[PDB]
Amino acid sequence: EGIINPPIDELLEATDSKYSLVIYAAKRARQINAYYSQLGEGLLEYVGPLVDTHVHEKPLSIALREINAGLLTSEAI
Amino acid sequence: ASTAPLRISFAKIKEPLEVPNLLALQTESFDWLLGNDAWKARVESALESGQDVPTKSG
Amino acid sequence: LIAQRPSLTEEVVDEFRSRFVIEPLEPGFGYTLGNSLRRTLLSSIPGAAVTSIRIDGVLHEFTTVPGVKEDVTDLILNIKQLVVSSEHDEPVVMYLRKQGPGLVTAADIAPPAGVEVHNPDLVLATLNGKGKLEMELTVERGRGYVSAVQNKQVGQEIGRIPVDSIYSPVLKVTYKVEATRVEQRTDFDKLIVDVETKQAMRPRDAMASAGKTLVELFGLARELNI
Amino acid sequence: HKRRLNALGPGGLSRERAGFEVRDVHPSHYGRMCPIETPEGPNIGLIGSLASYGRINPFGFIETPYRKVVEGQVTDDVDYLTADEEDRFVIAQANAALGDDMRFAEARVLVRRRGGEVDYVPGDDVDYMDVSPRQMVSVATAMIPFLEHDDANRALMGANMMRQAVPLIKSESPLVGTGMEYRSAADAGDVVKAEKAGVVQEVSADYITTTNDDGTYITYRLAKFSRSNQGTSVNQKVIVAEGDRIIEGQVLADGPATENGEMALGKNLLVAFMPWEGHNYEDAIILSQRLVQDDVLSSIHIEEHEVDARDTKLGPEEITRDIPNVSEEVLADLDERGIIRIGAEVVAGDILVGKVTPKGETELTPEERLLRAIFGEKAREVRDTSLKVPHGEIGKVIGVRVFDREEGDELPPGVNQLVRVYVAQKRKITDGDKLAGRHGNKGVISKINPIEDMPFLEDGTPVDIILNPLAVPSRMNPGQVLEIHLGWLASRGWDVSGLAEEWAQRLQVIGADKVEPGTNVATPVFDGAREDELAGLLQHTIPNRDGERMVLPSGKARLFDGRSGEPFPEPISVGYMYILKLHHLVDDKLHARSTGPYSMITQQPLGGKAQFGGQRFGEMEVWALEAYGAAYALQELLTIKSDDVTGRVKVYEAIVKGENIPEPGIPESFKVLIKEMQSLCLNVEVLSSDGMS
Amino acid sequence: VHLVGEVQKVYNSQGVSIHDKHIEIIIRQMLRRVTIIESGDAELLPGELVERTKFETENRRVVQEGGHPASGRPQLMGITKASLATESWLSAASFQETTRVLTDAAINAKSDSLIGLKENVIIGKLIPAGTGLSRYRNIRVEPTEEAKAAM
Amino acid sequence: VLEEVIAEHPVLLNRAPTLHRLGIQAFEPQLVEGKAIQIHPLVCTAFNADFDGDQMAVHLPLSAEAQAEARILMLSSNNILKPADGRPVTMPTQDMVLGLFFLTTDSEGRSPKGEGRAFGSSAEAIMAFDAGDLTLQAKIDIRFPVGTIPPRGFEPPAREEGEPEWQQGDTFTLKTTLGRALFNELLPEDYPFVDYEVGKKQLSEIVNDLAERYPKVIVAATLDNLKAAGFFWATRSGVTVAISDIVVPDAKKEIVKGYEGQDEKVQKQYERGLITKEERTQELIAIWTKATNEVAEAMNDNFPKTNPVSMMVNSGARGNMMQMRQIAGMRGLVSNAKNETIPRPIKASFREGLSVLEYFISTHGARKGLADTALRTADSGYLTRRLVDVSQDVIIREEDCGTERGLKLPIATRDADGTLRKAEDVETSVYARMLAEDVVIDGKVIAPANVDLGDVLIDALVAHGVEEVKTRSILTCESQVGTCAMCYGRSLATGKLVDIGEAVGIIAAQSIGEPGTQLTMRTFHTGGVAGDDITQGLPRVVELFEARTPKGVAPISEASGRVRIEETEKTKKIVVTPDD
Amino acid sequence: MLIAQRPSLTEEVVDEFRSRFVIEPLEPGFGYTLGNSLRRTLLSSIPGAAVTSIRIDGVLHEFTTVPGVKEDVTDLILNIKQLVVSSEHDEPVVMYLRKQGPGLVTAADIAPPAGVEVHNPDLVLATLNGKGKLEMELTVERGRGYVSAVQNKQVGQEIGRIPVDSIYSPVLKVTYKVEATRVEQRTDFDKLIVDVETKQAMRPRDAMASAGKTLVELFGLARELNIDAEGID
């Protein structure tokens, strides 16, 4: 019910940095919001919400909940 | 006398001189510039009282 | 260890100011009951007061009536002090009319059936020889305080100006505790509640309404359990 | 304003050219210029106010009176001394004691001499004494009671905020204050005074007609709900009776912020110096709903804004009724000529006067053309540029003024019709309003409590305002505590008679011994009531009920609680402090922007409250965002949300459609920079890694 | 040590506490310029403002060529002079003397690398501090195989 | 739908001066009525915000990246520690500290009821306090349930046990008041029972320890509880300011009488011309300074602990001893124009009220102070901008250097006979740094390399008997690009190692420029001679950072040798002859 | 005139005695009345029974040591005052407890007289070493609220009898807080939250029901004065 509900130090220990965390969560939220804007086009490279979703919230909440759950990873190009 | 409303005073000492007109700094100066009846009345009152006063209007 | 049922004793010191005594209350227990009474009597008590007026020859509250020594907004201020009672659920329109030199008072108002002024000595305005004052006061039944911005419903009536109303007829409520003369280490306390209301109704009825409100809320709290 | 002295302007010292030496108070300012009141901004001490007794030479220097002293027997003679004769003489004080005659009661007197040295001299050695201890202070500073207990900084702030307090609906004179408050409003020209002595014939809220002794008839017209330059109302109440006597100079009708010819800026409020659940933390104010429902702190605010009709190149715009492409309900409150009715309630975005632009450029798209074919559009092509109420403004239309070129009224060239509409609102007190005392204490309002939540006294009287007591030791203005104590004494009067004490005898000989409850008290700015007098009067207040006075001799009273009910642990100071309502209001300070007007020379959003502007994001803001390392937020605050013409519209479209925010472009101000540098014969070219751009 | 101690003894006299690394950053940015002399074999002007790393690179490349290196003395210079004498002329142009440095850049025909923060605030690009670094913006995100297998 | 939208969408709040990094803090918005922004009191001191019409702008982060940086980097529950010195800044002092002081102080001067009686738990104590037979501060034996960690000083003096037992997780009895039990109910259960006067400084230490040893959400919750209880108890704390609470010393009358008697004796001594005016003025200001110090000491000896002014000035809440000195005691000596001293001081207190001319000479100092602080904040802004330009474009860009060089910062200084004492300014100099290499005294490492230096490690080193340490600071940091994180030391705004990319230069420039308005220094007196006194305050700081030659030049000998003077009449001269 | 929304009490349980009660949105100003009145009638109006005085064999009032038990008399007193009993005699009745030899003694070892019942036989009262010699006759008396140690000329009759504090109320602590809620676009409606802690003998919801019943009976005094009208339901 607020910004502080995801515990921040859990995210830090899950990604070992802070700016990488914020660009990581921002990119994930942009991908989620673009998934919601697909209008049923069914694009394969855009992934929907992994965690259970309320009817109306910002996609950044889904991004933080997904990464706090720790079921998603990445690599540097 | 009855000009002002009742206000209980805590003043211990008396005031031999009352506060002068608060608008003298504007009205007196502009009457000096105009040379109206008030200014000539003031200059003749000061002359008969001996006080220094400009005799030439603005 | 002793159980004594509390009993409320009512005594009067004036017409609309009377003191109430609750003797056998528990230690450290009379202050909070006095507070609950004071907050219920001072906020949520039904009443009635003028909520909208209309003066002929006046389109807004910022102008002045030709023939009265003070402006319309001072009349708005004087109307707010006028306490009335109305049993009608629907709004009731009084009438105020006065002509010629004189001093219009609250007694000069013309209330319909079921509506009466309780402070008829209140000064409203002062009329000179050329004073015209026709005024249709609306009274509504309610509780608490509602501002003038919550009393606007019609716009075509240009001459209608809504005022703010003060419904609660209670002036001030005061409580105090003492020591009971009975000898125990518990040291029960009698609670003297001083109630002084306006001329709208007696303080006994005011505490009747407040006690009804509190007993209904506490019974609502009690009933859902067991 | 009419008593200020300015050092800026042509032929004077500018703010940039000023220094420490000119701003300092000189020892020759005593009686010639006020050392307290002055603007506290960048021009501190450059602008000062004339002293109360200060006169002007025929030459032009600032004079000041003094009482002549001969052989230690001071006479009833006065000489006005410049800043020059004040050096060759030695000046006594008006606080020096005197005996039964005019001789000095004590040989040793504290004096000042050339250079402002305060060294004393005993015996008959002085030759000039002051006429009043209020000689140093101005008219605004001398209003404050117990100034001698306040710090000079807070005295400066208090004298600088009393020029910002608004007048209220009905104003009451301060219960405690300097007795010169009558002279500070009687000498104001806004209060109606009798030109000739006589008797009153008729009274009305619009005029006072007085038949004078010689037989002439004069009617004093009274301004009612007119607009001052700052927007506050200047209504004038009547205080004289129907047939009472009037002498010359008697106040007939009160001005704004005046009661009974006495001057009245704010209200008396019951003060409780105690922290209260943190809603008065850090110099904030808590106050009752008793000041909302009793219409205590509220004021009339008349706002003026006009529009005019002009004959431009395409044609003359007209004021009219047939506003295009709008519902009939919007134009329900208009007249035949296109004027809103007097007394029509208005809101944000509503129509006041209907002016139609004669022609705009017509380039109709085929979509709009077919839509017009579907619905049918009015044949005259007009644009809706009529006058509408700005955002966040409510009021009643109280007066309309219409000027016409075709009539005999004069108009500026080009225009044909000019209309003025006054809208007035009765702004009540609310969150965010700025209140203040007289002693420099100030603060916004954080919570309007219900009446029952307030800590009430022993008789069920709730306090009307709750203050943080943390303010007075650090801010160093303990004079307001004296003020609340004397306010409490002036509410419930005192009966001192035959107490056979020093303060009792002083009050008996002065006249402050038999005082009815509610009568206003007067402490002169440096002759005020002493601590012993306040304590002794606290010991002998008249009873109210049960024959038991409420405030203990310590100055505090046992204060209950509203929310809890249990008594607060120890007595809390109570009293009645004059509380002002500043013009730094909250109903106009609120301002917000989503997308409004833009500047022309550069594509940044413009600024200003009346122009729907955006708050400036200065240099230190960018430093702070660099310090956080938040590159993206700073970059978008500098490019997306301003000065990117291809970015703002795309971002608004992306938000409304719901898609993600697009990538930012290049701010237009940098392109302006490049075009400026390229015109000073500087070959400024941007080249990428591959090549040029 | 003297500079740090003096500024800290000014600050400690009032009660305000500033950590000494905050001063040390400015002092390190303060002593960076080196004044050179007798530069007859290092083929540059002697007795001007020379950057320390550039001077060391010049010394390395002249001892690689066999020529004897030029002497140099560290130069404690003020914050203003060190701010004007910078590689990126956009940052110096945003400072006080904005006519002298513009003419200086025009005469010297110098083009500024955009490493810096004032020259990236002006253009509107992302600043190279914090999230704006290359090592942070170059991340690619994808859900795990069991994540998409769950839904 | 607005209330449905604005949640989970942070906004940036911002004050116009924005002196340092914490002037922009991302909050979560919340719909309220009125026309004013409602702001947590716990953070208003980091804005320098005061509720006196201060207006704060609200900026809205817009894209996903902007509000993500608002949520993670910018949130007000992540900015506990000010980057200037690492001290906590989001625990204000005006009202909550006074409440906690009243809640936790000792029963001195206030009648302790129910003093010295056992209580089964804090619930029974609360019931007794509500009854009225036990005051809030009273030494009582109160038993605590299982899981409560005992105080730091109580673990070894555990209740004596015949069988082996541990008081670490077990119940125990403590000799503490009710209020300290409530205060430890505010702090989390894992925190040790704090059993002392809180005040302000110990509250700052408590908040610092909480931030250093608990996650951010727990710290935010504990400071919110501290705020709520501090306000709750400050309402009932018994603070108020009537004029009886401010008390003048009764000895001030006779002290001033004696000093004015001897002043009168001097004045008749001066009237004969036996002494000059200047010498009389010098000795008079000396003896009047002695008088004001003596009456200040009398004032400190006068007031009790019960009156609220002392209760709000001795608790670190709001105020200093100078202000109470010149409200209760005499105002002391006050300056003239152009920085000199009047021989006659202000003998009247503000409670007693000044006279006319005494108030005039007070205005002399007041207006000069106002103009001084205006020019001071202008020059502070100028210095801040110059520092930002010179100190920017340095950013942590490497994880670690390969270097091992460092700085020989002292750790133990001014040791007495038979004992070793650490440096007084260790908290600002050696703290929050990193060791260049391991330290050994007996062949064993005490502190490993590449770790931060906190309280416990520095205490261990000074107990083992080290005099100086080698800290890896930024001046010795050499790298291919920029500076590294390890050579810079741990960041003072996060409490951890500085992340790669943090713009340390702008933070340093703001931290130097933040207290520029807070210096409030000016040369009181030149002593009648110009040039003998060096620049003080902000002009000294800007003269130091501008690398200019100071107005008082102190030459330094180039080499050791023989130095003699040459007193030429036209101009003095010194000559040093180095040896070798 | 009529209430916009009728409130309704709600109970959330987290433990067998810990309970928190949330009240649905009240009219403005009715949060704090209900909160403080309910807390004060909850801590000080529910009838109950607790120990009143204790008598230890072969000890003195000024002699704080008891033989055969390792802790002092204050610890024993504090353990007695934390024990819960329920009585129905409406008169002070004695309760016996004896144990011989070393070991551990609890409330289960107490022999309960008829009409007095112990509810927590698991808490420790004392520890025994060597010879036991443990004989106390502790008084159990019905009461209401919380009364501190009281002396009524009892040490003179027998010097081994010492007074003890009594927790008469079946609840331990009640910490209520009130927060604001928004309904039909109006934020000034108080949502009262009452958190009650009770001893394990009595369930907290029954205690709240008794508190509500006593409040109904007490405020019925003000109702019976006159038959008035007020808007409900």
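The first chain written gets the first letter, and so on, giving A, B, C, D, E, F and G; residue counts start at 1 in each chain.
Criterion: a residue touches a chain if its C-beta (ideal position, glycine included) is under 8 Å from a C-beta of that chain, and two chains touch if they have at least 3 such contacts.
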{"item": "Chain pair with the higher count of C-beta pairs in contact (A-D, C-G)", "value": "C-G"}
{"item": "For subunit B paired with subunit D, centre-to-centre distance based on mean C-alpha positions, whole Å", "value": "30"}
{"item": "Centroid distance [mean C-alpha coordinates] between subunit G and subunit A, Å", "value": "51"}
{"item": "Gap in Å, rounded to a whole number, between the CA centres of subunit E and subunit A", "value": "37"}
{"item": "Approximate Å spacing (C-alpha centroids) for the pair subunit B, subunit G", "value": "82"}
{"item": "Residues of subunit D engaged with two or more neighbouring chains", "value": "94-95, 133, 450, 452, 528, 564-565, 626, 628-630, 632, 660"}
{"item": "For subunit G, residues that touch 2 or more chains besides their own", "value": "28-29, 32, 36, 145"}
{"item": "Multi-partner residues of subunit E (each touching 2 or more other chains)", "value": "117, 127-133, 135-136"}
{"item": "Touch relationships between chains, expressed as pairs", "value": "A-D, A-E, A-F, B-D, C-D, C-F, C-G, D-E, D-F, D-G, E-F, F-G"}
{"item": "Complex contact set, residues of subunit F against subunit D", "value": "12, 14, 16-21, 23-24, 33-36, 41, 44-45, 49-53, 55, 57, 59, 61-66, 68-70, 73-74, 83, 92, 94-96, 98-99, 227, 230-232, 234-246, 308-309, 312-313, 317-320, 323-324, 326-327, 337-338, 342-344, 350-357, 359-371, 374-375, 384-385, 388, 392, 499, 501-503, 506-507, 509-510"}
{"item": "Of subunit G, residues touching subunit F in the complex", "value": "43, 70, 74-75, 77-78, 81-82, 129, 145-146, 148-149, 165, 167, 169, 172-173, 182, 187, 197"}
{"item": "Residues on subunit F engaged by subunit G in the complex (per definition of touch)", "value": "3, 31-33, 114, 117-124, 126-128, 130-131, 133, 141, 143, 162, 173"}
{"item": "Subunit C residues within the subunit G interface of the complex", "value": "1, 3, 5-8, 10, 22, 26-29, 32-33, 35-37, 39-40, 43-44, 46, 89, 141-143, 185-186, 204-205, 207-222, 224-226"}
{"item": "Residues of subunit A defined as touching subunit D within the complex", "value": "19, 22-23, 26, 30, 33-34, 36-37"}
